[PDB]
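Enquirer: Please find one structure pasted underneath; my questions will follow.
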There are 2 protein chains.
Amino acid sequence: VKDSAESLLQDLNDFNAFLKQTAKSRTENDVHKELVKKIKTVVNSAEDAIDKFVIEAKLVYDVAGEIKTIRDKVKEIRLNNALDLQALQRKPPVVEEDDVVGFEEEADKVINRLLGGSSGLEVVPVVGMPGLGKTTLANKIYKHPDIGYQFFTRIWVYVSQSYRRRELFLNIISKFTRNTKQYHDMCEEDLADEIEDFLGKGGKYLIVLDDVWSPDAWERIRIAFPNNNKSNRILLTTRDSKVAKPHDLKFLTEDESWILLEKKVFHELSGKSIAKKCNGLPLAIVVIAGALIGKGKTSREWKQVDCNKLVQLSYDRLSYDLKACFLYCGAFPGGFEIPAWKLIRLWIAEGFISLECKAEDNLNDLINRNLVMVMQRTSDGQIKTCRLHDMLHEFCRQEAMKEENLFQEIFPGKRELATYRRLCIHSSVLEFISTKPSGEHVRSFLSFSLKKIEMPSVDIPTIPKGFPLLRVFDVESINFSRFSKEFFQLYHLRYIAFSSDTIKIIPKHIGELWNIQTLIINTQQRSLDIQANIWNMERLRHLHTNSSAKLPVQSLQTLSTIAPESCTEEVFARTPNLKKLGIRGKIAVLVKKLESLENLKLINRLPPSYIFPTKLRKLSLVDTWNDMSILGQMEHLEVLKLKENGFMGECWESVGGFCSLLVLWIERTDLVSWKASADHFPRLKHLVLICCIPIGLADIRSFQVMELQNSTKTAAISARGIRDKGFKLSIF
Amino acid sequence: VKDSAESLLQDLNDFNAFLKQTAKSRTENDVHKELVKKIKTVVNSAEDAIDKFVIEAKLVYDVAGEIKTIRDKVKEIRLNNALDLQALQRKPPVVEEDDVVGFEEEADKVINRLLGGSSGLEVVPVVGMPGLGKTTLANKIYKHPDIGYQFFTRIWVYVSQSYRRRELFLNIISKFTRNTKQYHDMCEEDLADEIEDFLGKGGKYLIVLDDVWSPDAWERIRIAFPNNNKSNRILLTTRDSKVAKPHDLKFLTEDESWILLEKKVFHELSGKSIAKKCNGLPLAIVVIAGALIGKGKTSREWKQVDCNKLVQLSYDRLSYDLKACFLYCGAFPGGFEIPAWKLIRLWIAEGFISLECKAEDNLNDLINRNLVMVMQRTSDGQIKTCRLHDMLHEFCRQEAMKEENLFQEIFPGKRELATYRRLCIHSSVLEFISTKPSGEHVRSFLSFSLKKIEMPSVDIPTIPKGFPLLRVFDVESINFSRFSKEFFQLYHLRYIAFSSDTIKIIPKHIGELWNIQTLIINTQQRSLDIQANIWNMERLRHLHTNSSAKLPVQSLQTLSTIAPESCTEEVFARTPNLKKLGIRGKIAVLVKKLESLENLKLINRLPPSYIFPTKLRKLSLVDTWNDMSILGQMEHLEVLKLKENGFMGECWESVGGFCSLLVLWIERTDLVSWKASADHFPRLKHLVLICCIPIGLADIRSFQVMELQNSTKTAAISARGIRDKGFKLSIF
Ligand SMILES: Nc1ncnc2c1ncn2[C@@H]1O[C@H](COP(=O)(O)OP(=O)(O)OP(=O)(O)O)[C@@H](O)[C@H]1O
Ligand SMILES: Nc1ncnc2c1ncn2[C@@H]1O[C@H](COP(=O)(O)OP(=O)(O)OP(=O)(O)O)[C@@H](O)[C@H]1O
């Protein structure tokens, strides 16, 4: 059976290489698409069989039969479709010029940015979502009367993914001379020099480089534009934020969306609801208006209404792994606030992806390409939450549900569920669960709902029974009263995330699951006792709990909210690579050996400063004023968060030197008198005071962002005075 | 056998994908055509075998043998014709300039539309049927003396499905300059700008954009035409109505058709009959005249007479499913008024295609492309009936009967009937039935005849016997005295539509057919008792009866003319998705729980307005005046039809406020005095009074269509006065 496993592994590797090769091009051939789907199904079957054999080897007849039948299927596919297997390995946009809604103020903003500045060649980059309207705004600015009056020469160059520098340079030359047959033998650099002479002969010039996709194209084309100490400007529209390094183009409002839809259809509650569902994207409004123009003007045909090639331009530029990472963001429901940490852990568990660094790099790559929107950011600048735009969400859902079978949103029949690979259900979870589903190839069970669900006791073991091959089990919105004997049979589990109301103890049978990477226990009990062999899990990396978990007496990276009785030297000696640590166990009971620790959280007198780790970067104290001199000696502390009565006192005088502090966060304190000088916070950048101000922080060079919340008006006056003395101040 | 069924399903899926791929291109290779026919036959055989196995599993040796032989045939086809399987995956029109008949008034109409209007660039779109004569009319206008005198510049641009913008722009440029070698390096946008200056140098210009097929081409080409506040005009001819959003070109009359045929043949009763059969299409007249010019001028050779590539241009632009939907319209006999609801239900049952929304979208797509003609429209603007033009009817019949075998019109022998898939017989039904036909692969039995046929008792079970695989059974023109035991063996039935004269009860064995989607019972009895398990039919959606059906004590959408004794809470609790409901059961005997209901029909004192459903959009009362104040409180009612003594009274004073009403229909009433004001009908648009007028409706902004019928001349005078005070009034 082992040699059969090796042969099946070789077949699966060749099929995976074929799938990776065919993903480089989109095929419209239906036979090729069907063959690709068949090959993907066989690949999934082979993966499941190999994982089953691996689990049995770690711990057989049915496994052998499955391996034989999958090998036979592979041979049949190779023999039958050999020829198909071998065969499977410029229009500038027309934008609106007459009825442009909402861009009247953004156009003036960009124009005033173009008409003002230094005397050098400056660039005004416009970045935005696919179909946001960057070309429309660039055209409105390009044909504006003020721009035409100020700029003697205006040139519109349409760059794209595919362009020829010689063709572009000869197109630019034709705007100045008609005898372009004299350049048939000059090189592209001589063409650029000729363009430089042409542009320098006149006055100021404005150049619109539309749809720049890489900095390489920008550098190659820029050699034709002189910098002759005149206020020459370049207007650049791009999807990627890297090419702009800007002006982030706005979204249309609800009223503007309705205005655009009404103008496009008619040169109504149903119409207003249709325009509201486009989320301020003019491309969606245009597409839906083109669809509505063909239907009759009847309220019943507009209630039935309640593109794809433009998005594919940026989706086809993603790598093979980044495409699967991007499509997995469509599993989260529409408008959902995706937690970045949860998304990263899910990506690592699904096998798409230190691994955390690569996953954060993938998320930042998706954000830079404007495929993912950021809303919440951490105080230190990291991303906290994100979401997909509704058109991007629809694209991801359609692609991953139809063409890739990455996941299926849920009722499917017994024949349909046998082909599903991942399940995402957030509505009518109990109704689907009561049907007793059974999927032998389902690898993930996702349930992202913000409403808590209590799982009936009679239905407790249905998911571990019907889906025994689960690798990801994210049911943190479902309360599990108890664990059945079938949960411990999920030997393939890598990501487990459950919520509970009465689970005060983790059984030792959890340690029988040696594939666990992330163990998230969201319980409302005050204390939790983890009896499972945490240290015997060789693949465990993160352990998140919201209670005071008590660990039993290398790859581990996070130990969130453990009890201080579990802060022994023996326990900390088993986790040399720990980076984030939290304690929520009556701090008064009590980490030096953790030389890689960066995040520390204590939730409820400070010891000498030499006891705390010297490499700590972020420290947060919750429910625990002159004691801050101990935290001042921390030479590497950069973020300090005080939440929920973290530091209580009346008078605080700044004495210690926070040589590395960048963010100071104080929440729910009784501080009355605070005296400080610029010397005590040399590197301060971020200051947040919520539900709580010496004028010495205006002398700080790095102080640029200050956040204020509800408090006495004297604090608001002090903040306003500090702002008067770019600074960002917000008071609420 | 189950695994054999899965393997056959995989083979059928691959063959279906191949058939979908080859449908994208028309092949003239006879070997390829024969191979495609063979593959289609094998696909049909596999489908029948799989459905037989599914029925048997729901409820065997012969099924296994058939599956074996079909799989062997699939392997043989794959092995023998592998190379053939792998291989299977600009002329502007010349139109008549001398002898153009019938267009003398249409040309003047379009010219007066061109010569009059605003000072902006306006478009006069000419939409029409394939071969209607749009290009001929455009050429007649283009060369008209008045057009030539008024327009200094006239340009004829021939757009088509395949065009190059650079080539078109260089062709337009050549009309102004002969040195076109100076534009060899300018981009298409610079070419459009050059054309803009060329057109703006002179005066008014007329441009004829012939054969525009998509709005994208219109938008791409329009960038070359300036709008310089001169009365510049664009004449556009297209087949699709979407590109015009017009001028619907007329059809030639019978006399004009005969004139054209006589002019074309001779530079007769048989000639007049030939010209009459062209249905006013000049293309058909031209083709038949070219055919007749070769024959001798003998009355016997003209009585023997009693194109295709032009229609294929619009047929090849249809999707794969829309092609089958279009060809199915050719099943209905020539000149037949196809009921839209019946067509949609037939499309859903045949598997071509909520499903009703998609089917209505398909019908509207066919109509917009001018492939289907609309005659009868519902009072609210929906389509009621339609038909195919005789040339499209012939095209659909020929294509679906020869190249696709979609259906066969009927006598065929036992060998020929074994290959037929669908049967359409409307003439000599009894003669064909008496022959005892037997088709093992026939899936549909269509009989669309307007003359009623009584079915002999001895011939009752012949159709369920000879055609046991029936999925669609549309014999609503045939009266069935009783149901034989073979009818209940039609387990594959999805669409059953029969007419009867003495069937007063539906047997419980109908519920044994669980595949039924539409159940139409057209009986002449006053009352009907449905004993079949309607609620056990999980796939049933529509139930249309013309009698007072008595239902027995989710997918259901229509319950037409049920008895009010069947309007219980229990019955209405089983149909939460019902949208259309009718009752014809002595209304005096008696729906709130139906929160999705839109259509309500009561056929024979109103209860308080809070009892009726709040989401009702259309309500019709038949045989049931101050009580209309109850209907006025309906905030969402838009269509109100009163037919056959619906509202009887002498004096009616408008009190209630119809805030949402758009159509008011009153038929066969004794109303004498009617007083109303504009406030009581704020949104009224349509008013119909048949076989039955305050001047307060002229103040209604939305009142644009009023229909009148036979009545006293005082009503006609009132209607004429209202019209005097665009409004559409018709009095008969
Ligand atoms: N403010 C607006 N008013 C009217 N139409 C608009 C507006 N913004 C965009 N559109 C229209 O919606 C579509 C958006 O395409 P556009 O070229 O403006 O987007 P883009 O930002 O350049 O996107 P892409 O990255 O795909 O090039 C076009 O058809 C454009 O005419
Ligand atoms: N009124 C007419 N009198 C004489 N011949 C006509 C008339 N109308 C059309 N024809 C002729 O019949 C044929 C119809 O083709 P025509 O180009 O006029 O149609 P069309 O509306 O442009 O169709 P298509 O959509 O296929 O382009 C041509 O041969 C044309 O010369």
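In the structure tokens, chains take letters A, B, ... by order of appearance, with residues numbered from 1 within each chain and ligands from 1 in the order shown.
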Set the distance at 9 Å and use only C-alpha atoms: which residues neighbour residue A:36 once local chain neighbours fewer than 6 positions away are removed? I'd like the list as a list in words.
Expert: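 The contact residues come out as residues 19, 22 and 88 of chain A.
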Enquirer: Restrict the selected residues to N, CA, C and O atoms and save them as a PDB file, in the first residue's frame.
Expert:
ATOM      1  N   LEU A  19      -2.382  21.506 -13.479  1.00  0.00           N
ATOM      2  CA  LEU A  19      -3.364  22.499 -13.055  1.00  0.00           C
ATOM      3  C   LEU A  19      -2.720  23.867 -12.872  1.00  0.00           C
ATOM      4  O   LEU A  19      -3.321  24.894 -13.208  1.00  0.00           O
ATOM      5  N   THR A  22      -2.120  25.315 -16.501  1.00  0.00           N
ATOM      6  CA  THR A  22      -3.312  25.784 -17.200  1.00  0.00           C
ATOM      7  C   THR A  22      -3.934  27.008 -16.543  1.00  0.00           C
ATOM      8  O   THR A  22      -4.721  27.707 -17.189  1.00  0.00           O
ATOM      9  N   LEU A  88      -3.838  21.940 -23.682  1.00  0.00           N
ATOM     10  CA  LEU A  88      -4.210  22.799 -22.567  1.00  0.00           C
ATOM     11  C   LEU A  88      -3.022  23.473 -21.891  1.00  0.00           C
ATOM     12  O   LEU A  88      -3.230  24.335 -21.032  1.00  0.00           O
TER      13      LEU A  88
END
Enquirer: As a PyMOL selection string, could you give me every residue of chain A near chain B (at most 7 Å apart, counting only C-alpha atoms)?
Expert: chain A and resi 29-31+34+94+170-171+174+178-180+294+298
Enquirer: Hey, can you spit out that residue selection with C-alpha atoms as a PDB file, in the first residue's frame?
Expert:
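The result, written out as part15.pdb:
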ATOM      1  CA  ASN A  29     -13.153  25.883 -24.775  1.00  0.00           C
ATOM      2  CA  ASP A  30     -15.928  23.941 -23.043  1.00  0.00           C
ATOM      3  CA  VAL A  31     -14.189  20.584 -23.546  1.00  0.00           C
ATOM      4  CA  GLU A  34     -14.768  20.051 -18.458  1.00  0.00           C
ATOM      5  CA  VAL A  94     -14.513  54.902 -23.920  1.00  0.00           C
ATOM      6  CA  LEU A 170       5.565  57.360 -32.500  1.00  0.00           C
ATOM      7  CA  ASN A 171       2.010  58.175 -31.402  1.00  0.00           C
ATOM      8  CA  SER A 174       2.581  62.358 -34.499  1.00  0.00           C
ATOM      9  CA  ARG A 178       3.180  64.637 -39.694  1.00  0.00           C
ATOM     10  CA  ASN A 179       6.390  63.406 -41.370  1.00  0.00           C
ATOM     11  CA  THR A 180       6.877  60.425 -39.084  1.00  0.00           C
ATOM     12  CA  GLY A 294     -33.753  46.465 -22.190  1.00  0.00           C
ATOM     13  CA  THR A 298     -42.930  48.213 -15.229  1.00  0.00           C
TER      14      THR A 298
END
Enquirer: Ligand 1: which residues are within 7 Å, counting only C-alpha atoms and all ligand atoms, as a list in words?
Expert: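 So the residues close to ligand 1 are residues 93, 94, 95, 96, 99, 100, 101, 102, 103, 128, 129, 130, 131, 132, 133, 134, 135, 136, 211, 238, 239, 260, 282, 283, 286 and 310 of chain A.
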Enquirer: Quick one: of B:229, B:385, B:376, B:161, who's nearest to residue B:91, counting only C-alpha atoms?
Expert: B:161
Enquirer: Just list the residues in stretch 111-336 of chain B DSSP gives helix (DSSP H, G or I) on the backbone, as a PDB file with C-alpha atoms, in the first residue's frame.
Expert:
ATOM      1  CA  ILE B 111     -36.547  62.869 -43.557  1.00  0.00           C
ATOM      2  CA  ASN B 112     -38.899  65.179 -41.654  1.00  0.00           C
ATOM      3  CA  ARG B 113     -37.544  63.619 -38.463  1.00  0.00           C
ATOM      4  CA  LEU B 114     -33.995  64.357 -39.658  1.00  0.00           C
ATOM      5  CA  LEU B 115     -34.673  67.915 -40.857  1.00  0.00           C
ATOM      6  CA  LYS B 134     -33.680  49.192 -43.394  1.00  0.00           C
ATOM      7  CA  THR B 135     -30.649  49.585 -45.664  1.00  0.00           C
ATOM      8  CA  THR B 136     -32.879  50.304 -48.669  1.00  0.00           C
ATOM      9  CA  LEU B 137     -34.765  53.019 -46.779  1.00  0.00           C
ATOM     10  CA  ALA B 138     -31.499  54.462 -45.458  1.00  0.00           C
ATOM     11  CA  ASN B 139     -30.108  54.589 -49.001  1.00  0.00           C
ATOM     12  CA  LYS B 140     -33.290  56.222 -50.311  1.00  0.00           C
ATOM     13  CA  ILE B 141     -33.058  58.896 -47.607  1.00  0.00           C
ATOM     14  CA  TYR B 142     -29.295  59.272 -48.097  1.00  0.00           C
ATOM     15  CA  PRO B 145     -32.816  65.587 -53.060  1.00  0.00           C
ATOM     16  CA  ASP B 146     -34.006  67.339 -49.889  1.00  0.00           C
ATOM     17  CA  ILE B 147     -31.438  65.528 -47.736  1.00  0.00           C
ATOM     18  CA  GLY B 148     -28.685  66.362 -50.218  1.00  0.00           C
ATOM     19  CA  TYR B 149     -29.708  70.020 -50.311  1.00  0.00           C
ATOM     20  CA  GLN B 150     -30.031  70.429 -46.538  1.00  0.00           C
ATOM     21  CA  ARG B 165     -12.178  51.190 -36.007  1.00  0.00           C
ATOM     22  CA  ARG B 166      -8.884  52.216 -37.622  1.00  0.00           C
ATOM     23  CA  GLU B 167     -10.104  51.066 -41.042  1.00  0.00           C
ATOM     24  CA  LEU B 168     -13.433  52.867 -40.598  1.00  0.00           C
ATOM     25  CA  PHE B 169     -11.739  56.090 -39.480  1.00  0.00           C
ATOM     26  CA  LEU B 170      -9.292  55.980 -42.395  1.00  0.00           C
ATOM     27  CA  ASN B 171     -12.200  55.378 -44.782  1.00  0.00           C
ATOM     28  CA  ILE B 172     -13.991  58.431 -43.367  1.00  0.00           C
ATOM     29  CA  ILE B 173     -10.791  60.491 -43.588  1.00  0.00           C
ATOM     30  CA  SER B 174     -10.316  59.593 -47.268  1.00  0.00           C
ATOM     31  CA  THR B 180      -3.859  59.550 -45.949  1.00  0.00           C
ATOM     32  CA  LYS B 181      -0.227  58.455 -45.594  1.00  0.00           C
ATOM     33  CA  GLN B 182       0.296  61.167 -42.955  1.00  0.00           C
ATOM     34  CA  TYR B 183      -1.885  59.176 -40.517  1.00  0.00           C
ATOM     35  CA  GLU B 188      -7.312  55.876 -33.445  1.00  0.00           C
ATOM     36  CA  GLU B 189      -8.219  58.673 -31.019  1.00  0.00           C
ATOM     37  CA  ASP B 190      -6.132  61.133 -33.036  1.00  0.00           C
ATOM     38  CA  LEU B 191      -7.881  59.838 -36.163  1.00  0.00           C
ATOM     39  CA  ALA B 192     -11.234  60.502 -34.485  1.00  0.00           C
ATOM     40  CA  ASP B 193     -10.080  64.018 -33.591  1.00  0.00           C
ATOM     41  CA  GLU B 194      -9.033  64.607 -37.207  1.00  0.00           C
ATOM     42  CA  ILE B 195     -12.478  63.439 -38.337  1.00  0.00           C
ATOM     43  CA  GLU B 196     -14.014  65.793 -35.766  1.00  0.00           C
ATOM     44  CA  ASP B 197     -12.173  68.787 -37.233  1.00  0.00           C
ATOM     45  CA  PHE B 198     -13.038  67.644 -40.771  1.00  0.00           C
ATOM     46  CA  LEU B 199     -16.748  67.445 -39.924  1.00  0.00           C
ATOM     47  CA  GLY B 200     -16.728  70.694 -37.937  1.00  0.00           C
ATOM     48  CA  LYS B 201     -15.077  72.710 -40.705  1.00  0.00           C
ATOM     49  CA  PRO B 215     -24.117  49.592 -28.220  1.00  0.00           C
ATOM     50  CA  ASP B 216     -20.368  49.125 -27.696  1.00  0.00           C
ATOM     51  CA  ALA B 217     -19.716  49.688 -31.405  1.00  0.00           C
ATOM     52  CA  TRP B 218     -21.987  52.741 -31.339  1.00  0.00           C
ATOM     53  CA  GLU B 219     -20.064  54.218 -28.402  1.00  0.00           C
ATOM     54  CA  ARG B 220     -16.666  53.444 -29.949  1.00  0.00           C
ATOM     55  CA  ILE B 221     -17.511  54.971 -33.334  1.00  0.00           C
ATOM     56  CA  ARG B 222     -19.406  57.972 -31.913  1.00  0.00           C
ATOM     57  CA  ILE B 223     -16.152  59.541 -30.664  1.00  0.00           C
ATOM     58  CA  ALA B 224     -15.390  60.777 -34.199  1.00  0.00           C
ATOM     59  CA  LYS B 242     -31.350  47.871 -27.494  1.00  0.00           C
ATOM     60  CA  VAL B 243     -28.945  49.653 -29.858  1.00  0.00           C
ATOM     61  CA  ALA B 244     -31.711  52.151 -30.683  1.00  0.00           C
ATOM     62  CA  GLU B 254     -50.188  42.748 -50.220  1.00  0.00           C
ATOM     63  CA  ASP B 255     -50.541  45.104 -53.188  1.00  0.00           C
ATOM     64  CA  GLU B 256     -47.010  46.426 -52.643  1.00  0.00           C
ATOM     65  CA  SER B 257     -45.698  42.861 -52.394  1.00  0.00           C
ATOM     66  CA  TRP B 258     -47.344  41.968 -55.707  1.00  0.00           C
ATOM     67  CA  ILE B 259     -45.989  45.162 -57.287  1.00  0.00           C
ATOM     68  CA  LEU B 260     -42.467  44.313 -56.125  1.00  0.00           C
ATOM     69  CA  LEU B 261     -42.709  40.713 -57.349  1.00  0.00           C
ATOM     70  CA  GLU B 262     -44.038  41.801 -60.750  1.00  0.00           C
ATOM     71  CA  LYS B 263     -41.301  44.428 -61.117  1.00  0.00           C
ATOM     72  CA  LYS B 264     -38.611  41.924 -60.122  1.00  0.00           C
ATOM     73  CA  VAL B 265     -39.774  39.106 -62.423  1.00  0.00           C
ATOM     74  CA  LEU B 269     -53.455  34.568 -59.630  1.00  0.00           C
ATOM     75  CA  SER B 270     -50.384  32.396 -59.035  1.00  0.00           C
ATOM     76  CA  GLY B 271     -48.158  35.468 -58.839  1.00  0.00           C
ATOM     77  CA  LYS B 272     -50.508  37.244 -56.443  1.00  0.00           C
ATOM     78  CA  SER B 273     -50.654  34.137 -54.246  1.00  0.00           C
ATOM     79  CA  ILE B 274     -46.852  33.866 -54.263  1.00  0.00           C
ATOM     80  CA  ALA B 275     -46.433  37.533 -53.326  1.00  0.00           C
ATOM     81  CA  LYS B 276     -49.070  37.236 -50.590  1.00  0.00           C
ATOM     82  CA  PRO B 282     -39.052  42.377 -49.417  1.00  0.00           C
ATOM     83  CA  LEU B 283     -36.218  39.883 -48.877  1.00  0.00           C
ATOM     84  CA  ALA B 284     -38.557  36.921 -49.369  1.00  0.00           C
ATOM     85  CA  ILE B 285     -40.068  38.615 -52.426  1.00  0.00           C
ATOM     86  CA  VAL B 286     -36.595  39.186 -53.889  1.00  0.00           C
ATOM     87  CA  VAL B 287     -35.539  35.576 -53.262  1.00  0.00           C
ATOM     88  CA  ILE B 288     -38.738  34.131 -54.735  1.00  0.00           C
ATOM     89  CA  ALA B 289     -38.459  36.475 -57.733  1.00  0.00           C
ATOM     90  CA  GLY B 290     -34.898  35.326 -58.366  1.00  0.00           C
ATOM     91  CA  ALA B 291     -36.200  31.763 -58.194  1.00  0.00           C
ATOM     92  CA  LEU B 292     -39.103  32.522 -60.555  1.00  0.00           C
ATOM     93  CA  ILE B 293     -36.955  34.311 -63.144  1.00  0.00           C
ATOM     94  CA  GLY B 294     -35.282  30.996 -63.996  1.00  0.00           C
ATOM     95  CA  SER B 299     -48.997  28.811 -65.350  1.00  0.00           C
ATOM     96  CA  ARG B 300     -48.168  25.192 -64.479  1.00  0.00           C
ATOM     97  CA  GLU B 301     -44.598  26.069 -63.448  1.00  0.00           C
ATOM     98  CA  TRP B 302     -45.845  28.995 -61.343  1.00  0.00           C
ATOM     99  CA  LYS B 303     -48.381  26.811 -59.519  1.00  0.00           C
ATOM    100  CA  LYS B 309     -27.401  33.380 -44.288  1.00  0.00           C
ATOM    101  CA  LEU B 310     -29.041  36.690 -43.332  1.00  0.00           C
ATOM    102  CA  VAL B 311     -31.143  35.096 -40.588  1.00  0.00           C
ATOM    103  CA  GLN B 312     -28.122  33.104 -39.379  1.00  0.00           C
ATOM    104  CA  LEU B 313     -26.408  36.405 -38.532  1.00  0.00           C
ATOM    105  CA  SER B 314     -28.870  37.059 -35.697  1.00  0.00           C
ATOM    106  CA  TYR B 315     -29.352  33.371 -34.860  1.00  0.00           C
ATOM    107  CA  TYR B 320     -26.715  28.061 -26.495  1.00  0.00           C
ATOM    108  CA  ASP B 321     -29.932  27.970 -24.448  1.00  0.00           C
ATOM    109  CA  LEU B 322     -31.555  30.879 -26.293  1.00  0.00           C
ATOM    110  CA  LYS B 323     -31.039  29.039 -29.590  1.00  0.00           C
ATOM    111  CA  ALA B 324     -33.073  26.076 -28.326  1.00  0.00           C
ATOM    112  CA  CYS B 325     -35.663  28.457 -26.873  1.00  0.00           C
ATOM    113  CA  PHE B 326     -35.931  30.213 -30.247  1.00  0.00           C
ATOM    114  CA  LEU B 327     -36.204  27.006 -32.288  1.00  0.00           C
ATOM    115  CA  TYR B 328     -38.934  25.699 -29.972  1.00  0.00           C
TER     116      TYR B 328
END
Enquirer: Quick one, how far is atom CA of residue B:394 from atom CA of residue B:336?
Expert: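 Distance reported for this atom pair: 13.1 Å.
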Enquirer: Which of stretch 577-658 of chain B end up as strand (DSSP E) when DSSP is run on this backbone - answer as an MDAnalysis selection string?
Expert: chainID B and resid 580:583 599:603 618:622 639:643 651:653
Enquirer: Kindly save the residues from that selection, with C-alpha atoms included, as a PDB file, in the first residue's frame.
Expert:
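Done, and the output landed in part.pdb:
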ATOM      1  CA  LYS B 580     -51.029  34.108  -8.423  1.00  0.00           C
ATOM      2  CA  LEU B 581     -54.331  32.891  -6.982  1.00  0.00           C
ATOM      3  CA  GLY B 582     -57.814  32.603  -8.435  1.00  0.00           C
ATOM      4  CA  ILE B 583     -61.169  31.504  -7.050  1.00  0.00           C
ATOM      5  CA  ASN B 599     -52.397  38.436  -8.558  1.00  0.00           C
ATOM      6  CA  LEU B 600     -55.843  37.720  -7.110  1.00  0.00           C
ATOM      7  CA  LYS B 601     -58.941  36.726  -9.081  1.00  0.00           C
ATOM      8  CA  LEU B 602     -62.442  36.240  -7.661  1.00  0.00           C
ATOM      9  CA  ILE B 603     -65.073  34.896 -10.067  1.00  0.00           C
ATOM     10  CA  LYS B 618     -53.269  43.116  -9.492  1.00  0.00           C
ATOM     11  CA  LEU B 619     -56.837  42.254  -8.483  1.00  0.00           C
ATOM     12  CA  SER B 620     -59.662  41.195 -10.801  1.00  0.00           C
ATOM     13  CA  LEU B 621     -63.299  40.751  -9.764  1.00  0.00           C
ATOM     14  CA  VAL B 622     -65.702  38.907 -12.074  1.00  0.00           C
ATOM     15  CA  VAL B 639     -54.110  46.974 -11.824  1.00  0.00           C
ATOM     16  CA  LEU B 640     -57.845  46.649 -11.129  1.00  0.00           C
ATOM     17  CA  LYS B 641     -59.966  44.750 -13.658  1.00  0.00           C
ATOM     18  CA  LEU B 642     -63.769  44.570 -13.427  1.00  0.00           C
ATOM     19  CA  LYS B 643     -65.250  42.111 -15.926  1.00  0.00           C
ATOM     20  CA  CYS B 651     -74.297  56.086  -8.969  1.00  0.00           C
ATOM     21  CA  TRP B 652     -70.575  55.965  -8.178  1.00  0.00           C
ATOM     22  CA  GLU B 653     -68.790  58.831  -6.425  1.00  0.00           C
TER      23      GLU B 653
END
Enquirer: Of the residues B:233, B:84, B:704, B:435, which is the one nearest to residue B:155, using only C-alpha atoms?
Expert: B:233
Enquirer: Please list as a PyMOL selection string every residue within 8 Å of stretch 538-551 of chain B, counting only C-alpha atoms and excluding residues in the same chain fewer than 4 positions away.
Expert: chain B and resi 514-531+534+555-563+565-566+583-585
Enquirer: Enter the distance from atom CA of residue B:404 to atom CA of residue B:54, in Å, rounded to one decimal.
Expert: 26.0 Å
Enquirer: What is the distance, in Å and to one decimal place, between atom CA of residue B:468 and atom CA of residue B:452?
Expert: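 The value is 24.5 Å.
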Enquirer: Measuring atom to atom with only C-alpha atoms and all ligand atoms, identify which of B:253, B:144, B:230, B:62 is nearest to ligand 2.
Expert: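 Looking at the shortest contact to ligand 2, the residue is B:253.
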Enquirer: Got a sec: who's within 8 Å of stretch 666-674 of chain A, counting only C-alpha atoms, leaving out chain neighbours fewer than 6 positions off, as a PyMOL selection string?
Expert: chain A and resi 641-654+688-694
